[PDB]
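Novice: one piece of my complex first, more on the way:
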Amino acid sequence: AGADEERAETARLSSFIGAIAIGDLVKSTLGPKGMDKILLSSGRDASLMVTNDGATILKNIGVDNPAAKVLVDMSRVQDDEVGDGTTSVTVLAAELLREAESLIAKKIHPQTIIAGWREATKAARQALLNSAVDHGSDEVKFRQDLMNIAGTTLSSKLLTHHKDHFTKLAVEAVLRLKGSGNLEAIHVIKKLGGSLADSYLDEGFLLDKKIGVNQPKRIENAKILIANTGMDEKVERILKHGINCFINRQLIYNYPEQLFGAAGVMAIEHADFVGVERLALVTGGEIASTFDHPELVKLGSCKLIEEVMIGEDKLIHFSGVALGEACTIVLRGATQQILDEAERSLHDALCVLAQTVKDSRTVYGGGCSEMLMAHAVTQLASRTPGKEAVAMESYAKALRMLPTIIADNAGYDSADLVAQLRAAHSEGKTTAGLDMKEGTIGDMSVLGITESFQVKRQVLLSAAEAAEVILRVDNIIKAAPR
């Protein structure tokens, strides 16, 4: 028991097996016509879970002993930085292991081959520069704002009927974010109500809690009080300040509740901590401790806090923040499996194009980027010294699979597709790519599909470092089914 040690072929084999198992399930997901899968697990899950998004299912379950979970864990950091849309990074890392069986013939030192990873880093920079990306997306923009990458992220998802409209909306949300402050303060929720738009845009922060039956219905020029310690002196400190609202992250004691109603102060019971922490940045903050917390120790913003009816049910909204560094997003849905999916999509949407204004650079979608890159990577291996080249040239044909997967989900024969694809990219037309609706090659730009430059730079480095940690290191292995 305890620690383990590994031997020649068996050590490599443990890493090799992990990559192949995950590649096939993620494979159906890529491209406009991907398909959903449902998984049931060993007693800590409670029921059947279906996730279109590849990253969510891998994070939730550590099924077995082989090295995969650490590789998997990393994809979420990538999601944070950019990696989202359609899952492809995991697939890309996985086929690099197939090359290793070939490598046994390469009887020398496998670690020498490893030098290929920062050669690959050169390849990443070789790829970047060598490929016409884009020149549009100045800021805000009348039509290049979207109806582009979000649509492609959506394309792999069935929802894209009513849903593609939602994706367009996501860009308006980033438009209010641009400036100095970073990517923060975005929260999204869904509701039970049918509408063709299937969404509404809300100016303030969305919360849903109420003090009790009694209390003023609306508060004006509101002051906000946040307490770290539970309620389980208050009137005296309260009256001088002119407090209009109290928010506590936990259980609230019953006695003060009677007081607040007569005073004309609205309090919130068991408010969630995550909303509260964001709020402190928003209202100028407060010093949260024991009941001494009132007056100067705390700063309170004061526009308007009220409970409003959103089409249907009643909700409470915080708005008019002096700081201007934080905002909130509210979506209303018709209700279905794909609407809470918007939770999946908005989180992803935020990272993809907030980034897009910052980059001022994007690349053509639909696999246009991959074939062109494949064309120029082949020359580079030859250009570099030959043993360096052997590792570099293997990398170059790796890019070939992406074109094949995009077409395969479309419904057209893969062999013919690879053939027609290369000739257009080789010629020098960057706009041309894979048109799945056509089944052949077409103009990507007419479609409006473009990918953030960062998704391409970041995927390359993420795959290189993640791939590098495998082949390099022992300590793992797999045994038998279920």
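Specialist: Ah, there it is. Residues are numbered from 1 along each chain as shown, chains lettered A, B, ... in the order given.

Novice: Run through the residues that contact the residue nearest the centre of chain A.
Specialist: Among the residues of chain A, residue A:348 comes closest to the average C-alpha position under Cα atoms, centre = their mean, at 3.4 Å. By Cβ atoms under 8 Å, 6 or more residues apart in numbering, the contact set of residue A:348 is A:53, A:79, A:84, A:85, A:153. Just so you know, the C-beta spots here come from the backbone N, C-alpha and C atoms, and that holds for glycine as well.

Novice: try it again with 6 Å
Specialist: Residue A:348 makes contacts with residue A:84, as judged by Cβ atoms under 6 Å, 6 or more residues apart in numbering.

Novice: helix, strand or coil for it?
Specialist: State at residue A:348, reduced to three classes by DSSP: H, G, I helix; E, B strand; the rest coil: helix.

Novice: Against residue A:78, how distant is it?
Specialist: Using Cβ to Cβ, to the nearest Å, we find residue A:348 at a distance of 11 Å from residue A:78.

Novice: Give me the number of neighbouring residues for residue A:67.
Specialist: By the measure other Cβ atoms under 10 Å, the count of residues near residue A:67 is 20.

Novice: I misspoke; the intended subject was residue A:468.
Specialist: 18.

Novice: cool, and residue A:183?
Specialist: Residues near residue A:183, counting by other Cβ under 10 Å: 14.

Novice: ok, it - contacts?
Specialist: Applying Cβ under 6 Å, 6+ apart, we find residue A:183 in contact with residue A:354.

Novice: any idea how far residue A:192 is from it?
Specialist: As for residue A:183, its distance to residue A:192 is 30 Å (criterion: Cβ to Cβ).

Novice: Kindly report the same for residue A:476.
Specialist: 46 Å.

Novice: sequence below should go in as chain B:
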Amino acid sequence: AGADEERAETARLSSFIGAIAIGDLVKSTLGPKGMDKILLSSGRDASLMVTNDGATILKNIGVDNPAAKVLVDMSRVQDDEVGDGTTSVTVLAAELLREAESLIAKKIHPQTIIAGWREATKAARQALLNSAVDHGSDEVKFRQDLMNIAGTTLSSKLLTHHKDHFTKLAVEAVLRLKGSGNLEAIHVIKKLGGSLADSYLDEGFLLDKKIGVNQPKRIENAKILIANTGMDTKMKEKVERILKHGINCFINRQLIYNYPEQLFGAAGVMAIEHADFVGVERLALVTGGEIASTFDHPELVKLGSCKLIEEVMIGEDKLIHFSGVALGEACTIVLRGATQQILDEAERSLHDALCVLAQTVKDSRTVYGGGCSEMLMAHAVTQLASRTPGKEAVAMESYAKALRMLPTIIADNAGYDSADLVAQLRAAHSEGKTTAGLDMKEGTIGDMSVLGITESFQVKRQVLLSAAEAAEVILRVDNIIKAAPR
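Specialist: Chain B added:
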């Protein structure tokens, strides 16, 4: 049962297996292209742990009943006097056990063989006075201060692409530090914020704790109180003594009772809960000190320096900085990096840098790095087996071949063919060029001095002694006996 005693061949084997298991994992951890590993244990552990530094991982876990942990414990003491660079001493002791197969074929006396260790002492002797090593390091030093051994120590770490810059910084810290004032008060913490120039040197001491959100934002003309005894039990005496002094900050090394805390907020005094003792002792030197007793502590008995105590905001995470110390001889280093627990691999990386420089200025002696020292000693030792008596030569010659593996271990991580590397190396050393050594970036052999990598004189004398007793300790004892548990 569980009595635990073994007979003849089997007993030797248990030690032999422990040495081989450890060597394969550690060899890959050596030098510039060295590798870090992840370890997972099912019981009473949270997740897989990854440690590049061999010494920290070996100390942490006592997985097996076979004797290995005892062997492991010995390297920390070495670390205090030096120990580090790249892990190697454990490897050298482990390879010694392989010749034991030869001993069975020897068919005479297992312990007459022990004479080889005596022979080894001569080997320790030869390395020390054979070869001209530094001639420089004439205190403080312009350019030659780093881009040397620290770079080699960091070599085993992936971070080196931007990390080598951090390594260079470490000697600057020793320049202010060095003298005989004391080898203490150097602290390292990493920050999850990124910039091109990773790592900043702070004027004073860096800490990360708060009484709570509660209390005033900053203090003026600060007075410092340190208490050995906890606040836990009284409120009245604490306020009375406090107000007269004007106390701006209270630091207690342990748990702090809640009642006084309300008082500090109203008064306008910032306190620190569960402050670590190591920071506190350093602080006393820094602040002029105090006599830390019971609540009789305030006023004259307490000495407190007063520049500024504040929470700045370095990058992302909030920290508290103590600076402007009147004494002037105790300073701290704050490291910044990309963002990983790997970045934490600074506490165990910095440590590697601090010990090396303090020893280097005073000893006025060093050895050439890159394995230059090892090949030279090896050439000299082969002769020795031939020139000394009867029993001594077989044992001694075997010891000599042990040195051969080190050239192999340094270039093995390179990716180049180890066999080709070993002989090319020997021809240059045999010739008489001490500067020449293994250049991993080159892939062949070159001039170590241009690189500037140098090993401290102390590292060579201790390793030789460490290797000698370490092999002996498992062997020296026969039939360990258990008396049946509680």
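
Novice: back to the neighbour count of residue A:468, now that we've got chain B?
Specialist: 19 (other Cβ atoms under 10 Å in any protein chain shown).

Novice: one step back: and the residue nearest to the centre of chain A, how far from chain B?
Specialist: Distance from residue A:348 to chain B, counting by Cβ to the nearest Cβ, to the nearest Å: 21 Å.

Novice: same deal with residue A:209?
Specialist: As defined by Cβ to the nearest Cβ, residue A:209 lies at a distance of 22 Å from chain B.

Novice: residues from chain A in reach of chain B?
Specialist: Residues of chain A found near chain B (Cβ under 6 Å from any Cβ of the partner chain) are A:2-3, A:5, A:109, A:111-112, A:287-289, A:292, A:472-473, A:475.

Novice: Show me how the record splits chain A into domains.
Specialist: A:1-133+A:361-482, A:134-202+A:325-360, A:203-324 (CATH domains of a matching chain).

Novice: before we move on, the earlier item: for the buried ones among the residues of chain A next to chain B, write the corresponding PyMOL selection.
Specialist: Applying 16 or more other Cβ atoms under 10 Å in any protein chain shown to the residues of chain A next to chain B, the buried members can be selected in PyMOL as follows:
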select buried, chain A and resi 111+112+287+288+289+472+473+475
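
Novice: Between all of the residues of chain A next to chain B, which two are separated the most?
Specialist: With Cβ to Cβ as the measure, no two of the residues of chain A next to chain B lie farther apart than A:109 and A:292, at 67.2 Å.

Novice: can you give me the helices in the stretch 101-250 of chain A?
Specialist: A:110-114, A:116-127, A:149-155, A:163-177, A:234-241 (DSSP state H, counting those that start in this stretch).

Novice: For residue A:412, find the nearest of the ones you listed.
Specialist: Among these, the nearest to residue A:412 by Cβ to Cβ is helix A:149-155 (15.6 Å).

Novice: Include this sequence as chain C:
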Amino acid sequence: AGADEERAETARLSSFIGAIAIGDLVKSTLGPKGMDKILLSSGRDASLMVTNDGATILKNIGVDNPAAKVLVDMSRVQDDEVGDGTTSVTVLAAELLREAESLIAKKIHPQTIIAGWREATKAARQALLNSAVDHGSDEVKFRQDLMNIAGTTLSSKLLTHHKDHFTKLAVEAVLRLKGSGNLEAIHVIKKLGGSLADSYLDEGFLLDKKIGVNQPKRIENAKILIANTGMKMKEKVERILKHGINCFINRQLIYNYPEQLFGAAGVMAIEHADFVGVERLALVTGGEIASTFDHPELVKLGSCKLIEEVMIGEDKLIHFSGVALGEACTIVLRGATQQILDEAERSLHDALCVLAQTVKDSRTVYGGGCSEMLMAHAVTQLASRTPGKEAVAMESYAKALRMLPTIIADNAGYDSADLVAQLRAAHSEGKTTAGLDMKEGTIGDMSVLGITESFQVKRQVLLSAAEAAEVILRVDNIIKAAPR
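Specialist: Below is chain C, added to the chains above:
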């Protein structure tokens, strides 16, 4: 499910197996280059500890069923009277068992062979009063007092690198001891401070304790108070001033309040002083009767020369001296400090017994196994001179002596057969000085080395080993009854 059935050869087997297992572990230990063994246990045992002395480890534990612990127990009685040097007696008893196989070969009655023990007694006496051993243990003696046998006892042990110097010191200790009063009143400890000398010799009693930093430094015409019961302020002071009390020593925790009082008066107090030292102290100072605070004045007697605290090494020690009786004295040692230091406790104990025997005997034997080869040459002849039955038992004892040279040689690093060839030729010739030289790797002059063995150890061991071998040969029935 009762008694336990062992017969003829099987009963012999339980004894036979016990001797073979013990001999190999003790075999490493016999000589200058012996090997250290450590045992690790859980429960009442803290951790790894190492004993170089075979006798200490064997009786601390009863590892298994086979009969041998009773045999082991006997060695300790020897240890008190003579004991140490190196542990060799257990090995000789073991040697006897291998010939037991030949006893079945003989095919008649094992009991007749017992006559061999009679023969052994006669053989033992031949090693005695034959040739000359040592002459001139003049008493006091400037050079022959040590740097001899004690060094041999030490050679097996680690401390010998600087300790052989310590060994020289011990004889000075025995010389003051001499008179009519066997061996008594000697107290010794170790110190955490390092020095080349590794030991200082005090003229009185050494005690390590301090009341506190405060309190007057010097006491004269000192009166000493020892109390059974632990440490109200006024009762202690009123009685104290009239007496003139200069010091207080108690074998337990002492109350803080009185401590403050002592400093003003000029009286020094001691907390938790060891009881054993106190019992010795009473004989030394004339003693007293210790009860509650009624204890001062006449019921207590206080001797008065000089009591002072002297900085020793780094640990601050106090000395009691100037005893009118003169009967009891104390020894102080300062070592390297590597837990091996607590080991020095082991080696010193060896020093009081070995040297004291040398003082009374005025006789010794050549060391390095010189005595054993000589006796072996004489004994081979003896077996033939006796008829036949008488012959076989006497000769088996004779060949037993051959292993001792062999055991000395085995730990040396040189094989036993070669050692045997050279060794016998030198002893046979007539040079008693010649013996086993372990550093040499061959044979040499023992006297030049300075290694000698007490005369008593050779005559008692011969009788001792013979009887020890007998205790189980006679008994062919070892019984355990009705489990649990």
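
Novice: can you check the neighbour count of residue A:67 again with chain C included?
Specialist: 23.

Novice: close enough to count as contact, it and residue A:475?
Specialist: No - using Cβ atoms under 6 Å as the test, residue A:67 is too far from residue A:475 to be in contact (7.7 Å).

Novice: Find the closest residue to chain C in the stretch 251-400 of chain A.
Specialist: residue A:290 (40.3 Å; Cβ to the nearest Cβ).

Novice: Excluding chain neighbours, what is closest to that residue?
Specialist: residue A:229 (5.7 Å; Cβ to Cβ, 6 or more residues apart in numbering or on different chains).

Novice: Repeat that for residue A:6.
Specialist: According to Cβ to Cβ, 6+ apart, the nearest residue to residue A:6 is residue A:474 (3.8 Å).

Novice: Quick check: that neighbour touching residue A:4?
Specialist: No - Residue A:474 is beyond contact range of residue A:4, at 8.1 Å (criterion: Cβ under 6 Å).

Novice: between these two, which one's more packed in?
Specialist: The neighbour count for residue A:474 versus residue A:4, taken as other Cβ under 10 Å, is higher for residue A:474 (21 against 14).

Novice: Could you list the residues in contact with stretch A:284-294?
Specialist: Contact partners of stretch A:284-294, identified using Cβ atoms under 6 Å, 6 or more residues apart in numbering or on different chains, comprise A:226-229, A:233, A:237, A:241, A:297-299, B:212-214, B:265.

Novice: Tell me the residues of the stretch 301-450 of chain A that contact chain C?
Specialist: Contacts of the stretch 301-450 of chain A with chain C, taken as Cβ under 6 Å from any Cβ, are absent.

Novice: so how many other residues sit close to the residue nearest to residue A:290?
Specialist: Counted with other Cβ under 10 Å, residue A:229 comes out at 15.
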